[PDB]
Amino acid sequence: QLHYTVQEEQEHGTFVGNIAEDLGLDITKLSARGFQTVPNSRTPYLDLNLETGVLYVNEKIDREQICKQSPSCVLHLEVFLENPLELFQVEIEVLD
Amino acid sequence: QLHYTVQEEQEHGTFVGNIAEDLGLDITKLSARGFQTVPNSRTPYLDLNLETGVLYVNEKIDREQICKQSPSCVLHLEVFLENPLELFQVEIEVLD
Amino acid sequence: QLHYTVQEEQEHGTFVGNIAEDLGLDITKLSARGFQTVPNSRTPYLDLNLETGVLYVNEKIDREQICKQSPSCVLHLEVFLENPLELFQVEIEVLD
Amino acid sequence: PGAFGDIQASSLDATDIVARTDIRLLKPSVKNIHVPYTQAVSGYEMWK
Amino acid sequence: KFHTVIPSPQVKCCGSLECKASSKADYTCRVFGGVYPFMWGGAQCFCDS
Amino acid sequence: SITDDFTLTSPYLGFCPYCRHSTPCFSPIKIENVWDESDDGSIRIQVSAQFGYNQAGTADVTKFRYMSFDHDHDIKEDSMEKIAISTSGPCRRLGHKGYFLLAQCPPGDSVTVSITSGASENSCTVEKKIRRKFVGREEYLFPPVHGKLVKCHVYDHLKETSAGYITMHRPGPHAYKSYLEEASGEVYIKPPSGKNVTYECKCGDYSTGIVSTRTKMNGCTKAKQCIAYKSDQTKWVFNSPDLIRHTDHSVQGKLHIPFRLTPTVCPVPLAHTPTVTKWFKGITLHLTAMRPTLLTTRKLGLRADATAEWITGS
Amino acid sequence: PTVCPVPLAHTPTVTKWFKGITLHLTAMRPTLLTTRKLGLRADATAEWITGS
Amino acid sequence: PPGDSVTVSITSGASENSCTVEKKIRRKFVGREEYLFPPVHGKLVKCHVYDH
């Protein structure tokens with residue numbers, strides 16, 4: 001569905017991608033469609049920016065803790081909009 | 001319900017407690033009420049004395065074997081009487 | 001039911017036993033009764049000879065692979081005939 | 001008790017609530033410590 | 001749907017208690033006789049009835 | 001106000017109906033409530049320990065603190081790798097904070113919480129009905145990939161969400177039998193080293209006092225005439241039905257209930273279009289359905305004549 | 001032989017009319033009910049009950 | 001727990017095996033009310049069990 005890759009040892013908000021730009025849904029209108037993160041999602045490490053549709057990095061990435069529970073080191077996240085309703089998927093992977 | 005503690009390396013019947021004395025039910029009468037051990041009980045290591053309500057120690061205590069099956073090293077035991085019917089609980093712990 | 005033993009390090013078809021001879025059902029007639037191996041059987045290592053009822057050895061025996069899945073190192077095999085219908089069992093064991 | 005409208009109030013955050021749920025208290029049998037009770041089912045769930 | 005809240009009981013060793021009245025929803029109260037209750041450390045009063 | 005300083009609170013221990021074997025016991029992981037009002041099966045659990053904080057109260061996401069089965073009744077700690085939940089099989093752990101947990105479980109009839117291998121292993125089970133639920137007018141096992149989008153309500157996975165509060169009080173008395181002694185018709189009082197303990201006795205008149213070393217209560221002859229407990233307990237506890245209250249049972253603080261209920265969107269399946277046959281003043285519908293489905297009709301005149309039926313097969 | 005503990009149900013409420021009664025019951029699992037008449041005829045009943 | 005068969009097996013080691021036998025095993029209760037667990041507040045009656 002979507003695929004971005006993050007490097008080891010990030011420093012609280014460098015850059016990941018540009019969701020609204022790759023999905024074509026345009027800026028200056030999504031502020032009213034209801035742009036939101038899904039409650040069944042949202043790993044603690046990343047953060048959204050409802051205005052310009054870019055992905056942060058919240059706290060420093062730690063490979064040891066992150067894929068001690070899901071051996072394939074990946075991260076899951078979803079977003080949705082209204083009028084009319086949609087549902088998208090994003091995956092992030094930690095390199096070395 | 002009740003709580004007594006036994007030391008390591010006992011020698012076949014030193015002392016543990018006094019059940020009838022702590023529970024208030026008096027001597028000289030319990031010999032007829034039907035003082036008994038419950039068949040769903042009775043670890044091999046301890047023994048009762050239906051007359052004076054004291055707890056023995058039957059065979060020498062071995063920490064290695066005793067809590068190789070229940071990591072919290074404890075021991076369970078119950079007693080009951082009749083006319084009218086009752087049901088009490090006792091727990092013993094092995095120290096070091 | 002039946003019991004034969006095979007030695008380690010065989011070389012593609014030495015000898016195991018003689019099934020039809022031990023079971024008494026005679027030669028020169030079983031070629032028409034429908035002598036067959038059962039599809040729910042047939043370890044890869046052994047082979048039948050529908051004419052003279054003897055057991056081969058197909059590929060070299062390897063104790064490491066053979067009883068890494070069934071610790072009691074044994075092997076199973078069945079045969080059946082028609083007019084009228086029968087069902088027999090054979091077991092083979094790997095020595096050292 | 002046992003039907004729609006066994007608990008009532010004028011708003012969700014108010015302070016004056018009335019109800020009738022048929023609750024009665026019993027005497028302890030085993031002597032550790034606790035309080036036993038019995039009660040009727042909620043009429044809201046029965047209406048659904 | 002409702003939620004039944006049951007507070008922590010109070011005991012008086014060898015005196016006596018009686019009930020007041022309050023405004024909460026469906027209030028209920030009762031008093032009981034000689035009991036002698038127990039917790040992990042053991043017996044909790046000093047008059048045995 | 002509502003606070004978040006967990007250095008002013010402490011865990012306790014209760015009375016579980018079904019301990020490890022069958023007997024009732026005193027346990028450090030008693031289960032108070034369960035809640036299952038969500039739309040994808042999740043449930044919320046309240047227990048008697050404190051998850052996510054270290055031995056002194058500060059926060060870290062790998063530890064928890066509990067109360068002790070031993071000598072000297074303090075607080076102890078261990079790592080979260082030892083917590084498990086089950087109804088009929090194992091469940092997945094989704095979040096944790098304070099007295100609260102969140103999990104996702106298959107159908108069954110009971111709920112269990114256990115501390116796996118290590119010192120102080122235990123469990124506790126509670127009766128509760130848990131079945132499968134669906135949203136819409138068609139049944140499904142999984143949410144399919146081609147369908148419509150409707151509205152639903154679920155439990156949030158974050159922990160800073162709120163749904164209410166709970167109250168905290170001052171801890172009452174707790175008497176230990178070990179502090180008493182008896183030597184040839186005299187009764188003594190034995191404190192743990194260098195701490196203040198309070199006694200209270202009646203073998204005649206009333207008597208109290210605070211001591212710090214072995215002391216002789218004059219007048220009494222048996223051991224079941226006094227009690228004693230220790231007298232510095234400024235840590236708050238929950239209003240639980242398995243404790244004894246203080247002389248001052250007034251509220252001293254409030255605490256949050258995480259894992260709010262929010263609205264979201266959900267996908268649902270679409271059935272197979274039927275075929276119609278026409279005759280004089282009527283129709284006939286040839287239907288297909290491999291799971292239960294719904295059908296409703298009404299008439300557009302002064303009378304309604306409503307119907308309703310769940311259908312299976314062709 | 002030994003001893004075993006068993007549960008106790010929820011006390012019912014009764015309504016009185018001319019030569020009869022009505023019992024309002026509550027049961028979250030199956031439970032039993034038995035009646036008989038104290039005269040020359042018995043007229044026994046028996047039923048397992050679930051619900052309210 | 002309930003089921004329809006009974007099994008006995010020697011786990012890992014030389015000479016591993018098992019054996020299964022058909023048998024009906026269900027849940028049973030004592031008295032006039034059903035329960036999953038023996039509760040904590042109730043009455044006391046007579047029962048018969050296997051000695052340990």
# chains A, B, ... in the order shown; residues from 1 in each chain; ligands from 1

call {"tool": "interface_residues", "arguments": {"of": "chain D", "to": "chain H", "cutoff": "9 Å", "atoms": "only C-alpha atoms", "output": "number ranges by chain"}}
result
D: 28-30, 36

call {"tool": "write_last_selection", "arguments": {"atoms": "N, CA and C atoms", "output": "JSON list (two decimals), in the first residue's frame"}}
result
[["chain", "number", "residue", "atom", "x", "y", "z"],
["D", 28, "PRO", "N", -22.10, -12.71, 56.54],
["D", 28, "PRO", "CA", -20.93, -13.44, 56.05],
["D", 28, "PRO", "C", -20.87, -14.86, 56.60],
["D", 29, "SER", "N", -20.54, -15.81, 55.72],
["D", 29, "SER", "CA", -20.39, -17.19, 56.16],
["D", 29, "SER", "C", -18.93, -17.52, 56.48],
["D", 30, "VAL", "N", -18.05, -17.36, 55.51],
["D", 30, "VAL", "CA", -16.62, -17.61, 55.71],
["D", 30, "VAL", "C", -15.99, -16.37, 56.32],
["D", 36, "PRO", "N", -21.39, -9.74, 51.02],
["D", 36, "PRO", "CA", -22.18, -10.32, 49.93],
["D", 36, "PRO", "C", -23.51, -9.63, 49.71]]

call {"tool": "select_by_dssp", "arguments": {"residues": "segment 5-54 of chain A", "states": "strand (DSSP E)", "output": "compact mmCIF listing (two decimals) with N, CA and C atoms, in the first residue's frame"}}
result
# COMPACT_ATOMS: atom_id res chain seq x y z
N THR A 5 11.24 3.89 4.49
CA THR A 5 12.31 3.28 5.26
C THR A 5 13.00 4.33 6.10
N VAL A 6 13.22 4.02 7.38
CA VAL A 6 13.83 4.96 8.31
C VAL A 6 15.18 4.41 8.76
N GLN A 36 -7.06 12.43 10.11
CA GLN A 36 -6.99 11.85 11.45
C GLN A 36 -6.13 10.60 11.44
N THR A 37 -5.61 10.25 12.61
CA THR A 37 -4.95 8.98 12.84
C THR A 37 -5.95 8.01 13.48

call {"tool": "residues_around", "arguments": {"residues": "residue 21 of chain A", "least_positions_apart": "3", "cutoff": "10 Å", "atoms": "only C-alpha atoms", "output": "list in words"}}
result
residues 17, 18, 24, 25, 26, 27, 52, 53 and 54 of chain A

call {"tool": "write_last_selection", "arguments": {"atoms": "N, CA, C and O atoms", "output": "CSV table (one decimal), in the first residue's frame"}}
result
chain,number,residue,atom,x,y,z
A,17,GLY,N,8.5,11.0,5.0
A,17,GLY,CA,7.9,11.0,3.7
A,17,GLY,C,6.9,12.1,3.5
A,17,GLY,O,6.9,13.1,4.3
A,18,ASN,N,6.1,12.0,2.5
A,18,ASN,CA,5.0,13.0,2.3
A,18,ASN,C,3.8,12.3,1.8
A,18,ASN,O,3.6,12.0,0.6
A,24,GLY,N,-1.9,12.1,-3.8
A,24,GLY,CA,-2.5,12.9,-4.8
A,24,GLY,C,-3.6,13.8,-4.2
A,24,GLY,O,-3.9,14.9,-4.7
A,25,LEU,N,-4.2,13.3,-3.1
A,25,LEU,CA,-5.2,14.2,-2.4
A,25,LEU,C,-4.5,15.5,-1.9
A,25,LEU,O,-3.4,15.4,-1.3
A,26,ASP,N,-5.0,16.6,-2.3
A,26,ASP,CA,-4.3,17.9,-2.3
A,26,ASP,C,-4.3,18.6,-1.0
A,26,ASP,O,-5.2,18.4,-0.1
A,27,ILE,N,-3.4,19.5,-0.8
A,27,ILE,CA,-3.3,20.3,0.4
A,27,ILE,C,-4.4,21.4,0.3
A,27,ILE,O,-5.1,21.5,-0.7
A,52,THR,N,0.5,20.0,6.8
A,52,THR,CA,1.3,19.8,5.6
A,52,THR,C,1.6,18.4,5.3
A,52,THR,O,2.4,18.1,4.5
A,53,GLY,N,0.9,17.4,6.0
A,53,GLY,CA,1.0,16.0,5.7
A,53,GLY,C,2.4,15.4,5.6
A,53,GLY,O,2.8,14.9,4.5
A,54,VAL,N,3.2,15.6,6.6
A,54,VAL,CA,4.6,15.1,6.7
A,54,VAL,C,4.7,14.2,7.9
A,54,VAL,O,3.9,14.4,8.9

call {"tool": "interface_residues", "arguments": {"of": "chain H", "to": "chain B", "cutoff": "9 Å", "atoms": "only C-alpha atoms", "output": "list in words"}}
result
residues 44, 45, 49, 50, 51 and 52 of chain H

call {"tool": "atom_distance", "arguments": {"atom1": "atom CA of residue 143 of chain F", "atom2": "atom CA of residue 268 of chain F"}}
result
6.5 Å

call {"tool": "residues_around", "arguments": {"residues": "segment 112-120 of chain F", "least_positions_apart": "3", "cutoff": "9 Å", "atoms": "only C-alpha atoms", "output": "ChimeraX atom specification"}}
result
/B:71-73 /F:29-31,68-69,81-87,123-126

call {"tool": "interface_residues", "arguments": {"of": "chain F", "to": "chain E", "cutoff": "9 Å", "atoms": "only C-alpha atoms", "output": "list in words"}}
result
residues 26, 173, 174, 175, 176, 177, 178, 200, 201, 202, 224, 225, 226, 227, 239, 240, 241, 242, 243, 244, 245, 246 and 247 of chain F

call {"tool": "decode", "arguments": {"residues": "segment 7-36 of chain G", "atoms": "N, CA, C and O atoms", "output": "short mmCIF file (atom, residue, chain, number, x, y, z; two decimals), in the first residue's frame"}}
result
data_model
loop_
_atom_site.label_atom_id
_atom_site.label_comp_id
_atom_site.auth_asym_id
_atom_site.auth_seq_id
_atom_site.Cartn_x
_atom_site.Cartn_y
_atom_site.Cartn_z
N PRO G 7 -24.33 -22.78 46.17
CA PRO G 7 -24.84 -21.41 46.14
C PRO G 7 -26.29 -21.29 46.60
O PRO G 7 -27.03 -22.26 46.67
N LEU G 8 -26.68 -20.05 46.89
CA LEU G 8 -28.04 -19.71 47.30
C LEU G 8 -28.62 -18.66 46.36
O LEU G 8 -27.96 -17.67 46.04
N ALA G 9 -29.86 -18.86 45.95
CA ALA G 9 -30.48 -18.05 44.91
C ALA G 9 -30.99 -16.73 45.47
O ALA G 9 -30.66 -16.33 46.59
N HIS G 10 -31.80 -16.02 44.68
CA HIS G 10 -32.30 -14.70 45.02
C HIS G 10 -33.75 -14.80 45.48
O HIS G 10 -34.60 -15.33 44.76
N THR G 11 -34.03 -14.29 46.67
CA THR G 11 -35.34 -14.44 47.29
C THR G 11 -36.43 -13.81 46.42
O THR G 11 -36.25 -12.67 45.96
N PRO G 12 -37.54 -14.48 46.19
CA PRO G 12 -38.57 -13.95 45.30
C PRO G 12 -39.58 -13.06 46.02
O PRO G 12 -39.66 -13.03 47.25
N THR G 13 -40.36 -12.33 45.23
CA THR G 13 -41.43 -11.49 45.73
C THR G 13 -42.78 -12.09 45.37
O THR G 13 -42.94 -12.69 44.30
N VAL G 14 -43.75 -11.93 46.26
CA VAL G 14 -45.05 -12.58 46.12
C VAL G 14 -46.15 -11.53 46.02
O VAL G 14 -46.08 -10.46 46.63
N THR G 15 -47.18 -11.85 45.24
CA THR G 15 -48.37 -11.03 45.11
C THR G 15 -49.60 -11.88 45.43
O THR G 15 -49.70 -13.01 44.96
N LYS G 16 -50.52 -11.32 46.20
CA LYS G 16 -51.64 -12.07 46.74
C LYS G 16 -52.96 -11.62 46.12
O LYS G 16 -53.22 -10.41 46.04
N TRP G 17 -53.78 -12.57 45.71
CA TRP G 17 -55.14 -12.32 45.25
C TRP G 17 -56.04 -13.40 45.86
O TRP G 17 -55.61 -14.18 46.71
N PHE G 18 -57.30 -13.43 45.44
CA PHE G 18 -58.28 -14.33 46.05
C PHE G 18 -58.00 -15.77 45.63
O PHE G 18 -58.26 -16.15 44.49
N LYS G 19 -57.47 -16.56 46.56
CA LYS G 19 -57.12 -17.96 46.32
C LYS G 19 -56.02 -18.11 45.27
O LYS G 19 -56.18 -18.80 44.26
N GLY G 20 -54.88 -17.47 45.52
CA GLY G 20 -53.74 -17.66 44.63
C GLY G 20 -52.56 -16.80 45.03
O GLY G 20 -52.66 -15.94 45.91
N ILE G 21 -51.44 -17.05 44.36
CA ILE G 21 -50.22 -16.26 44.51
C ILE G 21 -49.53 -16.14 43.15
O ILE G 21 -49.82 -16.88 42.21
N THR G 22 -48.59 -15.21 43.07
CA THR G 22 -47.76 -14.99 41.88
C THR G 22 -46.34 -14.71 42.33
O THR G 22 -46.11 -13.83 43.15
N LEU G 23 -45.38 -15.46 41.78
CA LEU G 23 -43.98 -15.35 42.16
C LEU G 23 -43.18 -14.70 41.05
O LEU G 23 -43.21 -15.16 39.91
N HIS G 24 -42.44 -13.65 41.39
CA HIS G 24 -41.56 -12.96 40.45
C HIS G 24 -40.13 -13.42 40.70
O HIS G 24 -39.56 -13.13 41.75
N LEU G 25 -39.56 -14.14 39.74
CA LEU G 25 -38.33 -14.89 39.94
C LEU G 25 -37.17 -14.31 39.15
O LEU G 25 -37.36 -13.60 38.16
N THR G 26 -35.96 -14.65 39.58
CA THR G 26 -34.73 -14.21 38.94
C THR G 26 -33.72 -15.34 38.99
O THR G 26 -33.48 -15.91 40.05
N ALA G 27 -33.13 -15.67 37.84
CA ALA G 27 -32.16 -16.76 37.81
C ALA G 27 -31.27 -16.60 36.59
O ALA G 27 -31.78 -16.56 35.46
N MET G 28 -29.97 -16.52 36.80
CA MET G 28 -29.03 -16.35 35.70
C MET G 28 -28.43 -17.67 35.22
O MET G 28 -27.72 -17.68 34.22
N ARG G 29 -28.70 -18.77 35.92
CA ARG G 29 -28.38 -20.12 35.49
C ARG G 29 -29.60 -20.99 35.78
O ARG G 29 -30.54 -20.54 36.43
N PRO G 30 -29.62 -22.22 35.29
CA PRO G 30 -30.77 -23.10 35.58
C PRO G 30 -30.94 -23.37 37.07
O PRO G 30 -29.97 -23.54 37.80
N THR G 31 -32.20 -23.40 37.51
CA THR G 31 -32.55 -23.60 38.90
C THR G 31 -33.85 -24.39 38.96
O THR G 31 -34.53 -24.56 37.95
N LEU G 32 -34.20 -24.89 40.14
CA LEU G 32 -35.32 -25.81 40.30
C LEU G 32 -36.44 -25.21 41.14
O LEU G 32 -36.20 -24.39 42.03
N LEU G 33 -37.67 -25.65 40.86
CA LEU G 33 -38.86 -25.21 41.58
C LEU G 33 -39.82 -26.38 41.73
O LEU G 33 -40.09 -27.08 40.76
N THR G 34 -40.34 -26.58 42.94
CA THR G 34 -41.20 -27.71 43.26
C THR G 34 -42.33 -27.25 44.17
O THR G 34 -42.07 -26.52 45.14
N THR G 35 -43.56 -27.66 43.88
CA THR G 35 -44.69 -27.36 44.75
C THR G 35 -45.55 -28.60 44.94
O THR G 35 -45.58 -29.50 44.10
N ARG G 36 -46.28 -28.63 46.05
CA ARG G 36 -47.25 -29.68 46.33
C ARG G 36 -48.33 -29.14 47.24
O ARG G 36 -48.14 -28.15 47.95
#
